[PDB]
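K.L.:
The structure file coords28.txt (compact mmCIF, N, CA and C atoms) is provided below.
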```txt
# COMPACT_ATOMS: atom_id res chain seq x y z
N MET H 1 -33.57 -64.33 86.90
CA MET H 1 -33.05 -65.70 86.84
C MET H 1 -33.99 -66.61 86.06
N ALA H 2 -33.48 -67.17 84.97
CA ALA H 2 -34.22 -68.08 84.12
C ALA H 2 -34.11 -69.50 84.68
N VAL H 3 -34.53 -70.48 83.88
CA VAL H 3 -34.46 -71.87 84.32
C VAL H 3 -32.99 -72.29 84.40
N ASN H 4 -32.60 -72.87 85.53
CA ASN H 4 -31.23 -73.29 85.75
C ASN H 4 -31.18 -74.28 86.90
N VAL H 5 -30.02 -74.92 87.05
CA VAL H 5 -29.82 -75.90 88.10
C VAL H 5 -28.74 -75.47 89.10
N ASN H 6 -27.76 -74.67 88.68
CA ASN H 6 -26.62 -74.37 89.54
C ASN H 6 -26.99 -73.45 90.69
N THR H 7 -28.10 -72.71 90.58
CA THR H 7 -28.50 -71.77 91.61
C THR H 7 -29.99 -71.89 91.88
N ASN H 8 -30.39 -71.51 93.09
CA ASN H 8 -31.81 -71.52 93.48
C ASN H 8 -32.00 -70.43 94.53
N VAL H 9 -32.46 -69.26 94.09
CA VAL H 9 -32.68 -68.14 95.01
C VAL H 9 -33.90 -68.39 95.89
N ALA H 10 -34.92 -69.09 95.38
CA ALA H 10 -36.08 -69.40 96.19
C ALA H 10 -35.70 -70.25 97.40
N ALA H 11 -34.77 -71.18 97.21
CA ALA H 11 -34.34 -72.02 98.33
C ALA H 11 -33.69 -71.19 99.43
N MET H 12 -32.85 -70.25 99.01
CA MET H 12 -32.21 -69.27 99.92
C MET H 12 -33.30 -68.51 100.67
N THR H 13 -34.19 -67.82 99.94
CA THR H 13 -35.28 -67.07 100.62
C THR H 13 -35.92 -67.99 101.66
N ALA H 14 -36.54 -69.08 101.21
CA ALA H 14 -37.28 -69.96 102.14
C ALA H 14 -36.46 -70.16 103.41
N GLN H 15 -35.22 -70.64 103.29
CA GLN H 15 -34.46 -71.03 104.52
C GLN H 15 -34.19 -69.78 105.34
N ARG H 16 -33.85 -68.67 104.69
CA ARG H 16 -33.68 -67.39 105.43
C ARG H 16 -34.91 -67.17 106.31
N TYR H 17 -36.10 -67.18 105.70
CA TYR H 17 -37.34 -66.97 106.48
C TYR H 17 -37.43 -68.05 107.55
N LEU H 18 -37.29 -69.31 107.16
CA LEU H 18 -37.39 -70.43 108.13
C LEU H 18 -36.52 -70.10 109.35
N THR H 19 -35.23 -69.85 109.14
CA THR H 19 -34.39 -69.53 110.29
C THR H 19 -34.95 -68.36 111.09
N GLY H 20 -35.53 -67.36 110.42
CA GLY H 20 -36.18 -66.29 111.16
C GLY H 20 -37.29 -66.80 112.06
N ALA H 21 -38.16 -67.65 111.50
CA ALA H 21 -39.22 -68.26 112.30
C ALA H 21 -38.64 -69.14 113.40
N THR H 22 -37.49 -69.77 113.14
CA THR H 22 -36.87 -70.63 114.14
C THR H 22 -36.34 -69.84 115.32
N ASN H 23 -35.66 -68.71 115.07
CA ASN H 23 -35.24 -67.86 116.18
C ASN H 23 -36.44 -67.28 116.93
N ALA H 24 -37.50 -66.91 116.21
CA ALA H 24 -38.71 -66.45 116.89
C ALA H 24 -39.27 -67.55 117.80
N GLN H 25 -39.31 -68.78 117.29
CA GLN H 25 -39.76 -69.92 118.09
C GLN H 25 -38.90 -70.10 119.32
N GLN H 26 -37.58 -70.05 119.15
CA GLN H 26 -36.67 -70.29 120.27
C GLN H 26 -36.82 -69.22 121.34
N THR H 27 -36.90 -67.95 120.94
CA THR H 27 -37.03 -66.90 121.95
C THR H 27 -38.39 -66.97 122.65
N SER H 28 -39.46 -67.26 121.91
CA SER H 28 -40.77 -67.38 122.55
C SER H 28 -40.80 -68.54 123.54
N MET H 29 -40.23 -69.68 123.16
CA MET H 29 -40.20 -70.83 124.05
C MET H 29 -39.32 -70.56 125.27
N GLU H 30 -38.21 -69.85 125.08
CA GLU H 30 -37.37 -69.48 126.22
C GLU H 30 -38.13 -68.57 127.18
N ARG H 31 -38.86 -67.59 126.66
CA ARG H 31 -39.64 -66.71 127.53
C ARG H 31 -40.72 -67.49 128.27
N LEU H 32 -41.38 -68.43 127.60
CA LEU H 32 -42.40 -69.22 128.28
C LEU H 32 -41.80 -70.13 129.34
N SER H 33 -40.65 -70.74 129.07
CA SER H 33 -40.05 -71.65 130.03
C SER H 33 -39.51 -70.91 131.25
N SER H 34 -38.84 -69.77 131.03
CA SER H 34 -38.32 -69.00 132.15
C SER H 34 -39.39 -68.21 132.88
N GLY H 35 -40.48 -67.85 132.20
CA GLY H 35 -41.46 -66.97 132.78
C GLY H 35 -41.05 -65.51 132.79
N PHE H 36 -39.96 -65.17 132.11
CA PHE H 36 -39.45 -63.81 132.08
C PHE H 36 -39.39 -63.30 130.65
N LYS H 37 -39.81 -62.05 130.47
CA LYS H 37 -39.78 -61.40 129.16
C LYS H 37 -38.38 -60.95 128.77
N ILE H 38 -37.54 -60.58 129.73
CA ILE H 38 -36.18 -60.13 129.47
C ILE H 38 -35.25 -61.08 130.23
N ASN H 39 -34.66 -62.04 129.52
CA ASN H 39 -33.70 -62.96 130.11
C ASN H 39 -32.25 -62.55 129.88
N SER H 40 -32.00 -61.62 128.96
CA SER H 40 -30.65 -61.17 128.67
C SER H 40 -30.70 -59.70 128.27
N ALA H 41 -29.56 -59.15 127.87
CA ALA H 41 -29.47 -57.74 127.53
C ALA H 41 -30.06 -57.43 126.16
N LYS H 42 -30.09 -58.40 125.25
CA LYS H 42 -30.53 -58.15 123.89
C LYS H 42 -32.05 -58.04 123.76
N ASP H 43 -32.81 -58.38 124.80
CA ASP H 43 -34.25 -58.20 124.75
C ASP H 43 -34.62 -56.73 124.92
N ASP H 44 -34.21 -56.13 126.03
CA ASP H 44 -34.43 -54.70 126.27
C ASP H 44 -33.41 -54.26 127.31
N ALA H 45 -32.46 -53.42 126.91
CA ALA H 45 -31.40 -53.01 127.83
C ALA H 45 -31.96 -52.15 128.96
N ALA H 46 -32.72 -51.11 128.62
CA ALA H 46 -33.30 -50.25 129.65
C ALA H 46 -34.28 -51.02 130.52
N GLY H 47 -35.10 -51.88 129.90
CA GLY H 47 -36.01 -52.71 130.68
C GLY H 47 -35.27 -53.64 131.62
N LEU H 48 -34.17 -54.24 131.15
CA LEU H 48 -33.38 -55.10 132.01
C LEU H 48 -32.80 -54.33 133.18
N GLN H 49 -32.27 -53.13 132.93
CA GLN H 49 -31.70 -52.34 134.01
C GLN H 49 -32.75 -51.94 135.04
N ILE H 50 -33.92 -51.49 134.58
CA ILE H 50 -34.95 -51.05 135.52
C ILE H 50 -35.50 -52.24 136.30
N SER H 51 -35.65 -53.40 135.64
CA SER H 51 -36.13 -54.58 136.34
C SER H 51 -35.11 -55.05 137.37
N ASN H 52 -33.82 -54.99 137.04
CA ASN H 52 -32.79 -55.36 138.01
C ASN H 52 -32.81 -54.42 139.21
N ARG H 53 -32.95 -53.11 138.96
CA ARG H 53 -33.01 -52.16 140.06
C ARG H 53 -34.23 -52.41 140.94
N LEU H 54 -35.38 -52.72 140.33
CA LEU H 54 -36.57 -53.04 141.11
C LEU H 54 -36.37 -54.33 141.90
N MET O 1 -51.70 -54.56 133.76
CA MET O 1 -51.31 -55.92 134.11
C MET O 1 -51.92 -56.95 133.17
N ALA O 2 -51.16 -58.02 132.90
CA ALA O 2 -51.64 -59.12 132.07
C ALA O 2 -51.48 -60.43 132.82
N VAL O 3 -51.71 -61.55 132.13
CA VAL O 3 -51.60 -62.86 132.76
C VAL O 3 -50.13 -63.28 132.78
N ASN O 4 -49.62 -63.59 133.97
CA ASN O 4 -48.24 -64.01 134.15
C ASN O 4 -48.18 -65.09 135.23
N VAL O 5 -46.98 -65.61 135.47
CA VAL O 5 -46.80 -66.75 136.36
C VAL O 5 -45.81 -66.48 137.48
N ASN O 6 -44.90 -65.53 137.33
CA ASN O 6 -43.85 -65.35 138.33
C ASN O 6 -44.30 -64.51 139.52
N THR O 7 -45.08 -63.46 139.28
CA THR O 7 -45.54 -62.57 140.34
C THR O 7 -47.04 -62.70 140.51
N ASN O 8 -47.48 -62.78 141.77
CA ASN O 8 -48.89 -62.86 142.12
C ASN O 8 -49.19 -61.69 143.06
N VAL O 9 -49.54 -60.54 142.48
CA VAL O 9 -49.76 -59.34 143.28
C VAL O 9 -51.00 -59.50 144.15
N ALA O 10 -52.03 -60.17 143.64
CA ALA O 10 -53.23 -60.40 144.44
C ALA O 10 -52.92 -61.28 145.65
N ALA O 11 -52.06 -62.28 145.46
CA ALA O 11 -51.62 -63.10 146.59
C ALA O 11 -50.89 -62.25 147.62
N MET O 12 -50.10 -61.28 147.17
CA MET O 12 -49.41 -60.39 148.10
C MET O 12 -50.39 -59.51 148.86
N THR O 13 -51.42 -59.00 148.17
CA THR O 13 -52.47 -58.25 148.85
C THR O 13 -53.12 -59.09 149.93
N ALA O 14 -53.47 -60.33 149.59
CA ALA O 14 -54.12 -61.21 150.54
C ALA O 14 -53.21 -61.51 151.72
N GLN O 15 -51.92 -61.73 151.47
CA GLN O 15 -50.98 -61.99 152.55
C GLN O 15 -50.84 -60.78 153.47
N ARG O 16 -50.75 -59.58 152.89
CA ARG O 16 -50.61 -58.37 153.70
C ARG O 16 -51.82 -58.19 154.61
N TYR O 17 -53.03 -58.30 154.04
CA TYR O 17 -54.21 -58.11 154.87
C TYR O 17 -54.40 -59.27 155.85
N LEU O 18 -53.95 -60.47 155.49
CA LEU O 18 -54.00 -61.60 156.41
C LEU O 18 -53.09 -61.37 157.61
N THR O 19 -51.88 -60.87 157.38
CA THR O 19 -50.99 -60.57 158.50
C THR O 19 -51.53 -59.43 159.35
N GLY O 20 -52.14 -58.42 158.72
CA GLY O 20 -52.77 -57.37 159.50
C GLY O 20 -53.88 -57.89 160.39
N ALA O 21 -54.75 -58.73 159.83
CA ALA O 21 -55.83 -59.31 160.61
C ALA O 21 -55.30 -60.21 161.72
N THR O 22 -54.23 -60.97 161.43
CA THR O 22 -53.63 -61.82 162.45
C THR O 22 -53.04 -61.00 163.59
N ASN O 23 -52.37 -59.89 163.27
CA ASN O 23 -51.84 -59.03 164.31
C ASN O 23 -52.96 -58.44 165.17
N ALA O 24 -54.04 -58.00 164.53
CA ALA O 24 -55.18 -57.48 165.29
C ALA O 24 -55.78 -58.56 166.17
N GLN O 25 -55.89 -59.78 165.65
CA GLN O 25 -56.42 -60.89 166.43
C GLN O 25 -55.54 -61.19 167.64
N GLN O 26 -54.22 -61.19 167.44
CA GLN O 26 -53.31 -61.44 168.55
C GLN O 26 -53.41 -60.34 169.61
N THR O 27 -53.50 -59.08 169.18
CA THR O 27 -53.65 -57.99 170.13
C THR O 27 -54.94 -58.13 170.94
N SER O 28 -56.05 -58.43 170.26
CA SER O 28 -57.32 -58.58 170.95
C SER O 28 -57.29 -59.76 171.92
N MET O 29 -56.70 -60.88 171.50
CA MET O 29 -56.64 -62.05 172.37
C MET O 29 -55.74 -61.80 173.58
N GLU O 30 -54.63 -61.08 173.39
CA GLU O 30 -53.79 -60.71 174.52
C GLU O 30 -54.54 -59.81 175.50
N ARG O 31 -55.28 -58.82 174.97
CA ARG O 31 -56.06 -57.94 175.84
C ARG O 31 -57.13 -58.71 176.60
N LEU O 32 -57.75 -59.71 175.96
CA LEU O 32 -58.75 -60.51 176.65
C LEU O 32 -58.13 -61.44 177.69
N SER O 33 -56.94 -61.97 177.42
CA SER O 33 -56.26 -62.81 178.41
C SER O 33 -55.86 -61.99 179.64
N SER O 34 -55.21 -60.85 179.42
CA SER O 34 -54.74 -60.05 180.54
C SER O 34 -55.86 -59.31 181.25
N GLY O 35 -56.95 -59.02 180.55
CA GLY O 35 -57.97 -58.16 181.11
C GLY O 35 -57.60 -56.70 181.14
N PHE O 36 -56.50 -56.32 180.50
CA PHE O 36 -56.01 -54.95 180.48
C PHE O 36 -55.96 -54.46 179.04
N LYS O 37 -56.60 -53.31 178.79
CA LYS O 37 -56.48 -52.67 177.48
C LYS O 37 -55.05 -52.24 177.20
N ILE O 38 -54.35 -51.74 178.21
CA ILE O 38 -52.97 -51.31 178.09
C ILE O 38 -52.09 -52.37 178.73
N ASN O 39 -51.29 -53.06 177.92
CA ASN O 39 -50.30 -54.01 178.40
C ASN O 39 -48.87 -53.53 178.20
N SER O 40 -48.59 -52.91 177.06
CA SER O 40 -47.31 -52.28 176.78
C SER O 40 -47.53 -50.78 176.59
N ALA O 41 -46.44 -50.08 176.29
CA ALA O 41 -46.50 -48.65 176.04
C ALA O 41 -46.80 -48.31 174.59
N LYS O 42 -46.79 -49.30 173.70
CA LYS O 42 -47.24 -49.07 172.33
C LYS O 42 -48.74 -48.83 172.26
N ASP O 43 -49.47 -49.10 173.34
CA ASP O 43 -50.90 -48.85 173.42
C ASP O 43 -51.11 -47.75 174.46
N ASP O 44 -51.23 -46.51 173.99
CA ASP O 44 -51.51 -45.36 174.86
C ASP O 44 -50.43 -45.21 175.93
N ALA O 45 -49.23 -44.84 175.47
CA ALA O 45 -48.08 -44.69 176.37
C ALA O 45 -48.38 -43.73 177.51
N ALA O 46 -48.94 -42.56 177.20
CA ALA O 46 -49.32 -41.62 178.25
C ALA O 46 -50.41 -42.22 179.14
N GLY O 47 -51.35 -42.95 178.54
CA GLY O 47 -52.33 -43.67 179.33
C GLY O 47 -51.68 -44.67 180.26
N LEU O 48 -50.63 -45.35 179.79
CA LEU O 48 -49.88 -46.27 180.64
C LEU O 48 -49.25 -45.53 181.81
N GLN O 49 -48.67 -44.36 181.54
CA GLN O 49 -48.05 -43.59 182.62
C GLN O 49 -49.08 -43.16 183.66
N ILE O 50 -50.22 -42.63 183.22
CA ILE O 50 -51.20 -42.14 184.20
C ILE O 50 -51.82 -43.32 184.95
N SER O 51 -52.06 -44.45 184.28
CA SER O 51 -52.58 -45.62 184.98
C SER O 51 -51.57 -46.17 185.97
N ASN O 52 -50.28 -46.15 185.63
CA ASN O 52 -49.26 -46.58 186.58
C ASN O 52 -49.23 -45.67 187.80
N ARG O 53 -49.32 -44.35 187.59
CA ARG O 53 -49.36 -43.44 188.72
C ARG O 53 -50.61 -43.64 189.57
N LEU O 54 -51.75 -43.92 188.93
CA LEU O 54 -52.98 -44.16 189.69
C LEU O 54 -52.89 -45.46 190.48
```
Rewrite the structure of this file - the entire thing - as structure tokens.
P.N.:
Amino acid sequence: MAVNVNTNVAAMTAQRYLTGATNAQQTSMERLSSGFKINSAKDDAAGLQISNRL
Amino acid sequence: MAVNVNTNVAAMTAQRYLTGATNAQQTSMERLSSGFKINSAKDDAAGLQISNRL
């Protein structure tokens, strides 16, 4: 990609990464607020099942 | 184990040994009040039987 105005791939990359850091921030803050490492099934399914059984 | 906030295993250890010590204290104080080593059958049941016969 040469010099142009209609497109900006760097802007896409940056925001893609930013949103990645944002989801990381949100999950870390959720874990800190709840005090639990597995609050739902998407964290660890087997871990969630074994913790529920315990 | 690492640093966490929801579970306090050391507190549970302390509570368990505290209740054990409290039960021992209550048993000793009951024995001192009654003047009898055997008050129920949970303390030397056969001893209770032979002492009752005596």
K.L.:
Among chain H, which ones does DSSP place in alpha helix (DSSP H), written as a VMD selection string?
P.N.:
chain H and resid 9 to 34 45 to 53
K.L.:
Would you pick out the contacts of segment 19-36 of chain H at 6.5 Å or less, using all atoms listed in the file, so that residues sharing its chain but fewer than 3 positions from it are not included, and give the list as a compact mmCIF listing (two decimals) with N, CA and C atoms, in the coordinates of the input?
P.N.:
```txt
# COMPACT_ATOMS: atom_id res chain seq x y z
N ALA H 14 -36.54 -69.08 101.21
CA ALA H 14 -37.28 -69.96 102.14
C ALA H 14 -36.46 -70.16 103.41
N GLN H 15 -35.22 -70.64 103.29
CA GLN H 15 -34.46 -71.03 104.52
C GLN H 15 -34.19 -69.78 105.34
N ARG H 16 -33.85 -68.67 104.69
CA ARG H 16 -33.68 -67.39 105.43
C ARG H 16 -34.91 -67.17 106.31
N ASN H 39 -34.66 -62.04 129.52
CA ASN H 39 -33.70 -62.96 130.11
C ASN H 39 -32.25 -62.55 129.88
N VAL O 5 -46.98 -65.61 135.47
CA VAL O 5 -46.80 -66.75 136.36
C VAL O 5 -45.81 -66.48 137.48
N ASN O 6 -44.90 -65.53 137.33
CA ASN O 6 -43.85 -65.35 138.33
C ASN O 6 -44.30 -64.51 139.52
```
K.L.:
Could you write out chain H as a short mmCIF file (atom, residue, chain, number, x, y, z; two decimals) with N, CA and C atoms, keeping the file's coordinate frame once it has been least-squares superposed on chain O using every ordered C-alpha pair?
P.N.:
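Here's the written file result.cif:
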```
data_model
loop_
_atom_site.label_atom_id
_atom_site.label_comp_id
_atom_site.auth_asym_id
_atom_site.auth_seq_id
_atom_site.Cartn_x
_atom_site.Cartn_y
_atom_site.Cartn_z
N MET H 1 -50.87 -55.22 135.26
CA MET H 1 -50.33 -56.59 135.18
C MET H 1 -51.28 -57.50 134.41
N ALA H 2 -50.78 -58.05 133.31
CA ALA H 2 -51.53 -58.96 132.47
C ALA H 2 -51.40 -60.39 133.02
N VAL H 3 -51.82 -61.37 132.22
CA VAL H 3 -51.73 -62.76 132.65
C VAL H 3 -50.25 -63.16 132.70
N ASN H 4 -49.84 -63.75 133.82
CA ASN H 4 -48.46 -64.15 134.01
C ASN H 4 -48.38 -65.15 135.15
N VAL H 5 -47.21 -65.78 135.27
CA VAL H 5 -46.98 -66.76 136.31
C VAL H 5 -45.88 -66.33 137.30
N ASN H 6 -44.92 -65.51 136.86
CA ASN H 6 -43.77 -65.21 137.70
C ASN H 6 -44.12 -64.30 138.86
N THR H 7 -45.24 -63.57 138.78
CA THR H 7 -45.63 -62.64 139.82
C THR H 7 -47.12 -62.78 140.12
N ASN H 8 -47.50 -62.41 141.34
CA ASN H 8 -48.91 -62.43 141.76
C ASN H 8 -49.09 -61.35 142.82
N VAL H 9 -49.57 -60.18 142.39
CA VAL H 9 -49.78 -59.07 143.32
C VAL H 9 -50.98 -59.34 144.23
N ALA H 10 -52.01 -60.05 143.73
CA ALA H 10 -53.15 -60.37 144.56
C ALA H 10 -52.73 -61.23 145.76
N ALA H 11 -51.80 -62.15 145.55
CA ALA H 11 -51.34 -62.99 146.65
C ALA H 11 -50.68 -62.16 147.74
N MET H 12 -49.85 -61.21 147.31
CA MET H 12 -49.21 -60.23 148.22
C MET H 12 -50.29 -59.48 148.99
N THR H 13 -51.20 -58.80 148.28
CA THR H 13 -52.29 -58.06 148.99
C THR H 13 -52.90 -58.99 150.04
N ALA H 14 -53.51 -60.09 149.59
CA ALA H 14 -54.23 -60.98 150.53
C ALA H 14 -53.38 -61.18 151.78
N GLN H 15 -52.14 -61.65 151.64
CA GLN H 15 -51.35 -62.03 152.85
C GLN H 15 -51.08 -60.79 153.67
N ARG H 16 -50.76 -59.67 153.02
CA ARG H 16 -50.59 -58.39 153.77
C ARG H 16 -51.81 -58.19 154.67
N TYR H 17 -53.01 -58.21 154.08
CA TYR H 17 -54.23 -58.02 154.89
C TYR H 17 -54.29 -59.10 155.95
N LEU H 18 -54.15 -60.36 155.55
CA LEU H 18 -54.22 -61.49 156.52
C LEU H 18 -53.33 -61.15 157.72
N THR H 19 -52.04 -60.89 157.49
CA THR H 19 -51.19 -60.57 158.63
C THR H 19 -51.74 -59.41 159.44
N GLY H 20 -52.34 -58.41 158.79
CA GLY H 20 -52.99 -57.35 159.55
C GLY H 20 -54.08 -57.88 160.47
N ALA H 21 -54.95 -58.73 159.92
CA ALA H 21 -55.99 -59.36 160.73
C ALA H 21 -55.38 -60.24 161.82
N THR H 22 -54.23 -60.86 161.53
CA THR H 22 -53.58 -61.72 162.52
C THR H 22 -53.04 -60.93 163.69
N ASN H 23 -52.37 -59.79 163.43
CA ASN H 23 -51.94 -58.94 164.54
C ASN H 23 -53.13 -58.38 165.32
N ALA H 24 -54.21 -58.01 164.62
CA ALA H 24 -55.41 -57.57 165.33
C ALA H 24 -55.94 -58.68 166.24
N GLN H 25 -55.98 -59.91 165.72
CA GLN H 25 -56.40 -61.06 166.52
C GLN H 25 -55.52 -61.24 167.74
N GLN H 26 -54.20 -61.17 167.54
CA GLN H 26 -53.27 -61.41 168.64
C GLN H 26 -53.41 -60.35 169.72
N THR H 27 -53.51 -59.08 169.33
CA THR H 27 -53.63 -58.03 170.35
C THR H 27 -54.97 -58.12 171.07
N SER H 28 -56.05 -58.42 170.35
CA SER H 28 -57.35 -58.55 171.02
C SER H 28 -57.35 -59.72 172.00
N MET H 29 -56.78 -60.85 171.60
CA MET H 29 -56.72 -62.01 172.49
C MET H 29 -55.82 -61.74 173.69
N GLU H 30 -54.72 -61.01 173.48
CA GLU H 30 -53.86 -60.64 174.61
C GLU H 30 -54.61 -59.74 175.59
N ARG H 31 -55.36 -58.77 175.09
CA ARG H 31 -56.13 -57.90 175.98
C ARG H 31 -57.19 -58.70 176.74
N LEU H 32 -57.85 -59.64 176.07
CA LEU H 32 -58.85 -60.44 176.77
C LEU H 32 -58.22 -61.35 177.81
N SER H 33 -57.07 -61.95 177.51
CA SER H 33 -56.44 -62.86 178.46
C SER H 33 -55.89 -62.12 179.67
N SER H 34 -55.23 -60.97 179.44
CA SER H 34 -54.70 -60.21 180.56
C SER H 34 -55.76 -59.43 181.31
N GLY H 35 -56.87 -59.08 180.66
CA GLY H 35 -57.85 -58.21 181.26
C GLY H 35 -57.45 -56.75 181.27
N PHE H 36 -56.38 -56.39 180.57
CA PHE H 36 -55.89 -55.03 180.54
C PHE H 36 -55.86 -54.51 179.11
N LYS H 37 -56.29 -53.26 178.95
CA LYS H 37 -56.30 -52.60 177.64
C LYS H 37 -54.91 -52.14 177.23
N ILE H 38 -54.05 -51.76 178.18
CA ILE H 38 -52.70 -51.30 177.89
C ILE H 38 -51.75 -52.24 178.63
N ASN H 39 -51.16 -53.19 177.90
CA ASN H 39 -50.18 -54.11 178.47
C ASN H 39 -48.74 -53.68 178.21
N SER H 40 -48.52 -52.74 177.29
CA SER H 40 -47.18 -52.28 176.98
C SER H 40 -47.25 -50.81 176.59
N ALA H 41 -46.13 -50.24 176.17
CA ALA H 41 -46.06 -48.83 175.84
C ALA H 41 -46.68 -48.52 174.48
N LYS H 42 -46.71 -49.48 173.57
CA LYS H 42 -47.18 -49.23 172.22
C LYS H 42 -48.70 -49.13 172.12
N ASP H 43 -49.44 -49.49 173.17
CA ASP H 43 -50.88 -49.32 173.15
C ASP H 43 -51.27 -47.86 173.33
N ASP H 44 -50.84 -47.26 174.44
CA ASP H 44 -51.07 -45.83 174.69
C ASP H 44 -50.03 -45.39 175.72
N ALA H 45 -49.10 -44.54 175.30
CA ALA H 45 -48.03 -44.12 176.20
C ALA H 45 -48.58 -43.27 177.35
N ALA H 46 -49.35 -42.24 177.03
CA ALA H 46 -49.92 -41.39 178.08
C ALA H 46 -50.88 -42.18 178.96
N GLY H 47 -51.70 -43.04 178.35
CA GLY H 47 -52.59 -43.88 179.14
C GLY H 47 -51.82 -44.81 180.06
N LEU H 48 -50.72 -45.40 179.57
CA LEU H 48 -49.91 -46.25 180.41
C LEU H 48 -49.31 -45.49 181.57
N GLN H 49 -48.80 -44.28 181.32
CA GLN H 49 -48.22 -43.49 182.39
C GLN H 49 -49.25 -43.11 183.44
N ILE H 50 -50.43 -42.67 183.01
CA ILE H 50 -51.45 -42.24 183.97
C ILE H 50 -51.97 -43.44 184.76
N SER H 51 -52.12 -44.60 184.09
CA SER H 51 -52.58 -45.79 184.79
C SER H 51 -51.53 -46.25 185.80
N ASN H 52 -50.25 -46.18 185.45
CA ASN H 52 -49.20 -46.54 186.39
C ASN H 52 -49.21 -45.61 187.60
N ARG H 53 -49.36 -44.30 187.36
CA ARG H 53 -49.41 -43.36 188.47
C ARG H 53 -50.61 -43.63 189.37
N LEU H 54 -51.77 -43.94 188.78
CA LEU H 54 -52.94 -44.28 189.58
C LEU H 54 -52.71 -45.57 190.36
#
```
K.L.:
Could you check how far atom CA of residue 40 of chain O sits from atom C of residue 52 of chain O, in Å to one decimal?
P.N.:
13.0 Å
K.L.:
Go ahead and fit an axis-aligned box to every listed atom of segment 46-54 of chain O plus 8 Å each side, and pass me the centre and edge lengths in Å, one decimal, as lines of an AutoDock Vina configuration file.
P.N.:
```
center_x = -50.5
center_y = -44.1
center_z = 183.8
size_x = 20.9
size_y = 21.0
size_z = 29.3
```
K.L.:
State, in Å with one decimal place, the distance from atom C of residue 42 of chain H to atom C of residue 9 of chain O.
P.N.:
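Separating atom C of residue 42 of chain H from atom C of residue 9 of chain O is a distance of 27.9 Å.
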K.L.:
Using only C-alpha atoms, which of the listed residues (H:17, H:4, H:37, H:46) sits closest to chain O?
P.N.:
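Looking only at the distances to chain O, the closest residue turns out to be H:37.
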K.L.:
Could you please determine the separation between atom N of residue 10 of chain O and atom N of residue 48 of chain H in Å, to one decimal place?
P.N.:
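Distance between the two atoms: 22.6 Å.
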K.L.:
Copy segment 7-54 of chain O out of the block into a file, keeping C-alpha atoms, as a PDB file, in the first residue's frame.
P.N.:
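Contents of part-v6.pdb, as written:
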```pdb
ATOM      1  CA  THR O   7     -10.742 -18.906  50.543  1.00  0.00           C
ATOM      2  CA  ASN O   8      -8.691 -18.713  53.752  1.00  0.00           C
ATOM      3  CA  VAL O   9      -7.395 -22.238  54.365  1.00  0.00           C
ATOM      4  CA  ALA O  10      -5.212 -21.104  57.274  1.00  0.00           C
ATOM      5  CA  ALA O  11      -8.285 -19.571  58.908  1.00  0.00           C
ATOM      6  CA  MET O  12     -10.024 -22.934  58.493  1.00  0.00           C
ATOM      7  CA  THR O  13      -7.077 -24.704  60.141  1.00  0.00           C
ATOM      8  CA  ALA O  14      -7.239 -22.259  63.041  1.00  0.00           C
ATOM      9  CA  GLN O  15     -11.010 -22.695  63.377  1.00  0.00           C
ATOM     10  CA  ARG O  16     -10.744 -26.498  63.366  1.00  0.00           C
ATOM     11  CA  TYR O  17      -8.060 -26.574  66.044  1.00  0.00           C
ATOM     12  CA  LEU O  18      -9.907 -23.888  68.025  1.00  0.00           C
ATOM     13  CA  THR O  19     -13.074 -26.001  68.087  1.00  0.00           C
ATOM     14  CA  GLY O  20     -11.023 -29.043  69.080  1.00  0.00           C
ATOM     15  CA  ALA O  21      -9.422 -27.137  71.950  1.00  0.00           C
ATOM     16  CA  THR O  22     -12.821 -25.754  72.986  1.00  0.00           C
ATOM     17  CA  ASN O  23     -14.323 -29.255  73.065  1.00  0.00           C
ATOM     18  CA  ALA O  24     -11.405 -30.508  75.166  1.00  0.00           C
ATOM     19  CA  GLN O  25     -11.817 -27.525  77.503  1.00  0.00           C
ATOM     20  CA  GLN O  26     -15.540 -28.210  77.898  1.00  0.00           C
ATOM     21  CA  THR O  27     -14.895 -31.892  78.628  1.00  0.00           C
ATOM     22  CA  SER O  28     -12.256 -31.049  81.242  1.00  0.00           C
ATOM     23  CA  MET O  29     -14.454 -28.406  82.879  1.00  0.00           C
ATOM     24  CA  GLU O  30     -17.408 -30.808  83.014  1.00  0.00           C
ATOM     25  CA  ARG O  31     -15.204 -33.474  84.608  1.00  0.00           C
ATOM     26  CA  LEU O  32     -13.981 -30.941  87.178  1.00  0.00           C
ATOM     27  CA  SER O  33     -17.532 -29.783  87.962  1.00  0.00           C
ATOM     28  CA  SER O  34     -18.925 -33.293  88.404  1.00  0.00           C
ATOM     29  CA  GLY O  35     -15.828 -34.745  90.041  1.00  0.00           C
ATOM     30  CA  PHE O  36     -16.303 -37.818  87.831  1.00  0.00           C
ATOM     31  CA  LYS O  37     -13.976 -38.857  85.024  1.00  0.00           C
ATOM     32  CA  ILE O  38     -16.855 -40.868  83.516  1.00  0.00           C
ATOM     33  CA  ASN O  39     -20.071 -38.877  83.089  1.00  0.00           C
ATOM     34  CA  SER O  40     -21.449 -40.401  79.876  1.00  0.00           C
ATOM     35  CA  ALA O  41     -20.775 -43.657  78.044  1.00  0.00           C
ATOM     36  CA  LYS O  42     -18.709 -41.905  75.368  1.00  0.00           C
ATOM     37  CA  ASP O  43     -15.953 -41.910  78.027  1.00  0.00           C
ATOM     38  CA  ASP O  44     -15.010 -45.547  78.750  1.00  0.00           C
ATOM     39  CA  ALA O  45     -18.391 -47.199  78.206  1.00  0.00           C
ATOM     40  CA  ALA O  46     -17.212 -50.489  79.715  1.00  0.00           C
ATOM     41  CA  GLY O  47     -15.685 -48.482  82.547  1.00  0.00           C
ATOM     42  CA  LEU O  48     -19.095 -46.884  83.042  1.00  0.00           C
ATOM     43  CA  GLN O  49     -20.710 -50.324  83.225  1.00  0.00           C
ATOM     44  CA  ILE O  50     -18.245 -51.710  85.767  1.00  0.00           C
ATOM     45  CA  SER O  51     -18.400 -48.529  87.872  1.00  0.00           C
ATOM     46  CA  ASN O  52     -22.208 -48.686  87.823  1.00  0.00           C
ATOM     47  CA  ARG O  53     -22.099 -52.306  88.978  1.00  0.00           C
ATOM     48  CA  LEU O  54     -19.606 -51.397  91.722  1.00  0.00           C
TER      49      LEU O  54
END
```
